[PDB]
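Overview (structure and organization)
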Amino acid sequence: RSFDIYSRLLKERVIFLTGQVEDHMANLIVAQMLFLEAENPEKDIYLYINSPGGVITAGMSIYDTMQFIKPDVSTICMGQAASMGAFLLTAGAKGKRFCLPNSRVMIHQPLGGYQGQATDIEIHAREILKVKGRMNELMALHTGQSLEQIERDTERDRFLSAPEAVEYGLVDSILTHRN
Amino acid sequence: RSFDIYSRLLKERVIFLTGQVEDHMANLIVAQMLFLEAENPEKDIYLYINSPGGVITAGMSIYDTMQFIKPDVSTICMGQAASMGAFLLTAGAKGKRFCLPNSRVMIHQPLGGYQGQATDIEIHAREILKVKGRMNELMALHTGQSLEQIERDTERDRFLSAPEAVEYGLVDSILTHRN
Amino acid sequence: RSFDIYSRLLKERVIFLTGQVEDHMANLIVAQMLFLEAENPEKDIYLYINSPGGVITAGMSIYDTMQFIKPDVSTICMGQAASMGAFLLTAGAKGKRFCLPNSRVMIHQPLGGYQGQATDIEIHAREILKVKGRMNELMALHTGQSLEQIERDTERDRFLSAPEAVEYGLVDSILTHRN
Amino acid sequence: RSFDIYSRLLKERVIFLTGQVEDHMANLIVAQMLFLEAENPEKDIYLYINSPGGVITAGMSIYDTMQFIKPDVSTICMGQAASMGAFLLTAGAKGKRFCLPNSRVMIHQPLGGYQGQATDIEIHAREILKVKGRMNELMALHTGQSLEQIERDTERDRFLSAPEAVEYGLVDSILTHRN
Amino acid sequence: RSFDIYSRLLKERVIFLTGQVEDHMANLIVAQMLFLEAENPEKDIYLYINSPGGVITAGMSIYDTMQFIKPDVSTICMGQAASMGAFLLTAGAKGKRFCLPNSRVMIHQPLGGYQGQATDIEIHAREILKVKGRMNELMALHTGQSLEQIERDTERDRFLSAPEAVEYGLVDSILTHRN
């Protein structure tokens, strides 16, 4: 009886990624993902996305589980998919990634901040550059775009309307009307 | 019986949109729409609106779900419908957008801001202005008012009574007594 | 059923170690493991990790549990698993420790701090060294390096990507894709 | 018999695929497979492969036919399997793909070339890419690697030894001695 | 025996049209058909096609022959069927035109060239124009589309995947497995 709306939508194999991406909320998407694999490792899974990004590693826990699990993971971004939100979005299974008409996307680069000794600082700094780069490769690969474009387009906050994210390979098309 | 009051009204295809428009409440509304559509994609969906407005990207996520789903979304304004609230009110299926007798409407332009490097400041400013356009075009369409007209009317706050709102074209008519 | 997704997943014998490691969530993990050993001391027990590190005594309460129960413990890594979370990872039963593709490890030495009289400062100072003392050996032993290598490698913060993770013998291998 | 050693070995349901891959020698493979199918639809077919690759269409006419026919087509790699030779190698029935101890494998992306007007250059440029894309998907399937693991690794000539090719999902096992 | 494999297959009414289309390999195809019509003028005849195209007149001796003989020539494309190749594929008996999964099709208008006195060039180009006219007509026919539609689609090389091919009307369906 729509006792719990989301639990109910989990029976249509739909999952919601909303807001701040961080460990726990991420973990709750993983746990859903896995649960759906088992309930049926053959049917498609739905990941709706309206988020501004967040802690990356947490963000990556979702990503790897989207690949790891048997079923294809379709993604539909509504409202906004930014930074890490844009990533998991374009990480949907090819041909199954969407954008509602006025949703909007944003890309940019790994953000961070360490504090301590010079020695330690080079350590964590070298690390963020590696991640900055991997994230760029994994993005080059899901978008079909060169490492040059990503690198340039992601050095600074960059926005895309629904048409443009399609035109960029980020999502495959625009769902305008449930026909 | 009436355990959970809202659940039961969701069974009468009634969803409430109350207060500030932000990611998590806007998301619980979209899910209500998806659930209602899944249960019966033909009967209209009734959306009551009493909100002061809020986060645009969160609003649009509601906007696109409304226009997406096959079922028509009848929007009803009680109390007030400001900014993103008015926006969503004027987006109910043409013909089924209402205002209870004393609800109130106000409209304006997007509010926001950035902080950072001039370069980054310019990217974010053309982006909110890119949205201002798209938002103004969309207003024009739903109300029938000309783009160029909605602009003049949105540089500043503009209040609308139920009557003037019927005339501005934001709503179709006034609901006074259940007949 | 699917009231608590973590509850349901606990059925497939899957336990999650998530976020900061401390006395109460650690214990919650200790109980889930104990609970499984009762429901089948023969079937494997899965333990997902995405921890940024935590407290030591509490970390051990777990460790010592993974070693005390009869069921084996396959640790899988998603997102990250620093400090105590890298330990517990490489503490999984041999050949059943894994790192998803973009997950990341990071190992270092026991952080702490004390306050008060000199006599006691030495007392707790001696004690911390003994803990690092004992921590390093166990790392060597679980990984395979020499109490000296491990030693080196953990004086400062140190990262290892998924691959570099196996090579150092922290994890048996990169848990690729549900095949 | 021995009058014609290959004809004699076809009787034992064995087909050799040797050297450059082009329409004609490929047609002959397709014709030996079609022919074996017609003689006995249930018995395996052994496709020995020692090729440096060649023309992709010519090969695809061999991959589709391989999959299409009812019999299981086991693939044995001797000497070398590169490019289209490695694709076809990995395309044999699951479990029934092998390598001899010193077979060496090499995978890489598609090669092509067009000459003409920019407009036409466009079509051809984008078709070669559509092809690289379908090709990378199929290598994902038959290997278990993720679409992104293959685009990554085939981005450039990658050499795999017998055990690495087993360890990678290209072939199922290494045949050393007949027993 | 299996001395000649294309012969054994001929007995199964299978004819291969491989690579370049020209008078002599065309004439061989044509005679193979007349032979199968005399054998048994009722049974279908299968024609596999893996060809980049070729000389038009040589192609029409094949086309006119397929239509002329009582037997229904089913057509099945492996690898690729470009230009006159694609023309012939779609010229197969109705409902009896196929494409294996990853075979590809390419369509386009007639190519040619003359050398001489203006008058002769006039008489010759006029002619290549009559042929384009008839080539397009016959394609509209066999595929279902309309004259206007083809000429549009065919002015420049155009690629079609097995699916797109069926969607377009060149082939009736995609053969995937022997059921």
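Residues numbered from 1 in each chain as written, not as in the entry; some residues may be left out. Chains lettered and ligands numbered in written order. Part of a larger assembly, values for the part shown. Heavy atoms only, no water.

Concerning the overall build of chain A
Summing up its helical and strand segments, chain A has seven helices and seven strands in all. When the helices and strands of chain A are listed from N to C terminus, the series reads α-β-α-β-α-β-α-β-β-α-α-β-α-β. For chain A, the C-alpha radius of gyration of 17 Å lies close to 16 Å, the compact-globule estimate for 179 residues. Expressed as lengths along the three principal axes of its C-alpha atoms, the size of chain A is roughly 60 × 35 × 25 Å. For chain A, with 179 residues in total, the buried portion stands at 56%. (Helix = DSSP H or I, 4+ residues; strand = E, 2+ residues; numbered from the N terminus. Rg over C-alpha atoms; globule rule 2.2 N^0.38 Å. Buried < 20%, exposed > 50% of the residue type's maximum accessible area, 1.4 Å probe, protein only.)

A closer look at the interface of chain D and chain E
Taken together, the contact pairs 36 residues of chain D with 30 residues of chain E. Contact between chain D and chain E buries roughly 3,100 Å² in total, counting both sides, with carbon and sulfur atoms accounting for 57%. Run the count over chain D and chain E and you get two salt bridges. Across the pair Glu37 of chain D and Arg178 of chain E runs a salt bridge whose closest N-O atoms are separated by 2.4 Å. Linking chain D with chain E are nine residue pairs in polar contact. The greatest single-element share of the side of chain D that touches chain E, amounting to ten residues, is contributed by helix α2 (residues 23-39) of chain D. Residues belonging to the side of chain D that touches chain E are distributed by class as follows: 16 nonpolar, eleven polar and nine charged. (Contact = heavy atoms within 4.5 Å. Buried area = accessible area lost by both parts, 1.4 Å probe. Salt bridge = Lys/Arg side-chain N within 4 Å of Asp/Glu carboxyl O. Polar contact = N/O pair within 3.5 Å; in protein donor to acceptor, adjacent residues only side chain to side chain. Nonpolar A, V, L, I, M, F, W, Y, C, P; charged D, E, K, R; others polar.)

What about the UniProt feature "active site" in chain A?
Residues and elements named next belong to chain A. As recorded in UniProt, the feature "active site" lies at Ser83 and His108. Across 26 residues of sequence, these annotated residues stay compact in space, with a maximum C-alpha separation of 6.0 Å. With respect to the helices and strands, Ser83 occurs in the loop between β3 (73-82) and α4 (84-90). Given a relative accessible area of 17%, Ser83 falls into the buried group. Sequence-distant contacts of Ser83, defined by excluding residues within four places in its chain, comprise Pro52, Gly53, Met106 and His108. (UniProt positions renumbered as here; feature names shortened; annotations may be inferred.)

What to know about the pattern of salt bridges
Residues and elements named next belong to chain A. Going through the model one piece at a time under the given rule, you end up with 49 salt bridges over all chains. Residue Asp44 is joined to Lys96 by a salt bridge in which the shortest nitrogen-to-oxygen separation is 2.9 Å. Highlighted residues: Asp44 in the loop between α2 (23-39) and β2 (45-51) and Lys96 in the loop between α4 and β4 (97-99), separated in sequence by 52 residues. Judged by its relative accessible area of 24%, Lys96 falls in the partly exposed class. Members of the salt-bridge network, linked through shared partners, are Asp44, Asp72 and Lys96.

Some remarks on the interface of chain B and chain A
Between chain B and chain A, the residue contacts involve 34 residues of the former and 29 residues of the latter. At the junction of chain B with chain A, the criterion picks out three salt bridges. We note a salt bridge from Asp120 of chain B to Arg156 of chain A, for which the minimum N-O separation is 2.9 Å. Taken together, chain B and chain A are joined by 14 residue pairs in polar contact. Of all the secondary structure elements, the ones that give two or more residues to the side of chain B that touches chain A are α1 (5-10), α2 (23-39), α3 (56-68) and α5 (118-143) of chain B.

Things to note about the nonpolar core
All names here are of chain D. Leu17, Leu47, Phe87, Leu88 and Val105 are the most contacted members of the largest nonpolar core, which has 57 residues in total. Counting residues per element, this core draws most heavily on α2, which supplies nine residues. Residues in contact with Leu17, not counting those within four places in the same chain, are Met25, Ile29, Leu47, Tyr48, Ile49, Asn50, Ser51, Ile62 and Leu88. (Core = buried A, V, L, I, M, F, W, Y, C linked by side-chain atoms within 4.5 Å.)

Quick notes on the relation of the copies chain B and chain A
Of the transformation placing chain B onto chain A, the axial shift is 0.0 Å and the rotation is 51°, giving an RMSD of 0.4 Å. Taken as a fraction of all interface residues of chain B, those also at the interface in chain A reach only 3%, which identifies the copy contact as different-surface. (Least-squares fit on C-alpha atoms.)

Remarks on α2 of chain B
All names here are of chain B. End to end, α2 covers 24 Å across 17 residues, agreeing with the expected 24 Å (1.5 Å per residue, within 8%). In terms of burial, α2 is a largely internal element, 13 of the 17 residues being buried. For α2, the capping residue at the N-terminal end is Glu22, with a side-chain oxygen 2.8 Å from the backbone nitrogen of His24. (Expected span 1.5 Å × (residues − 1).)

Thoughts on helix α3 (residues 56-68) of chain C
Residue and element names in this part refer to chain C. For α3, which comprises 13 residues, the first-to-last C-alpha distance of 18 Å matches the rise-based estimate of 18 Å (1.5 Å per residue) to within 8%. Every buried residue belonging to α3 is among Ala58, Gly59, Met60, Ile62, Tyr63, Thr65 and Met66, and all of these are buried. The inward-facing, buried residues of α3 abut α2 (23-39), β2 (45-51), β3 (73-82), α4 (84-87) and α5 (118-143).

Quick look at the relation of the copies chain D and chain E
Expressed as a screw transformation, the operator carrying chain D onto chain E has a rotation angle of 51° and an axial translation of 0.4 Å, and the superposed copies differ by an RMSD of 0.4 Å. Little of the interface of chain D is mirrored in chain E: 6% of its interface residues are interface residues there too.

Concerning the side chain of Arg13 of chain C
Residue and element names in this part refer to chain C. Mapped onto the secondary structure, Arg13 falls in the loop between α1 (5-11) and β1 (14-18). For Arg13, which is buried and forms no salt bridge, the nearest opposite charge comes from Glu39, at a distance of 4.6 Å. Of the polar contacts made by the side chain of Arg13, one reaches the backbone oxygen of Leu36; its length is 3.1 Å. Ignoring any residue separated from it by four or fewer positions in sequence, one finds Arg13 in contact with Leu36, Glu37, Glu39, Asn40, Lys43, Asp44, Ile45, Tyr46 and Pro71. (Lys, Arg positive; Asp, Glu negative; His and termini not counted.)

Considering the side chain of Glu127 of chain A
The residue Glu127 of chain A is located in helix α5 (residues 118-143) in this model. When near neighbours in sequence (up to four residues on either side) are disregarded, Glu127 of chain A contacts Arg104 and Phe159 of chain C.

Side note on the environment of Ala82 of chain E
Inspection of the secondary structure assignment puts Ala82 of chain E in strand β3 (residues 73-82). Leave out the neighbours within four places in its chain, and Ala82 of chain E touches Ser51, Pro52, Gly53 and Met106 of chain E.

Considering the arrangement of the chains
With no contact between them, chain B and chain D keep their nearest C-alpha atoms 30 Å apart. Contact between chain C and chain E is absent, and the least distance between their C-alpha atoms amounts to 22 Å.

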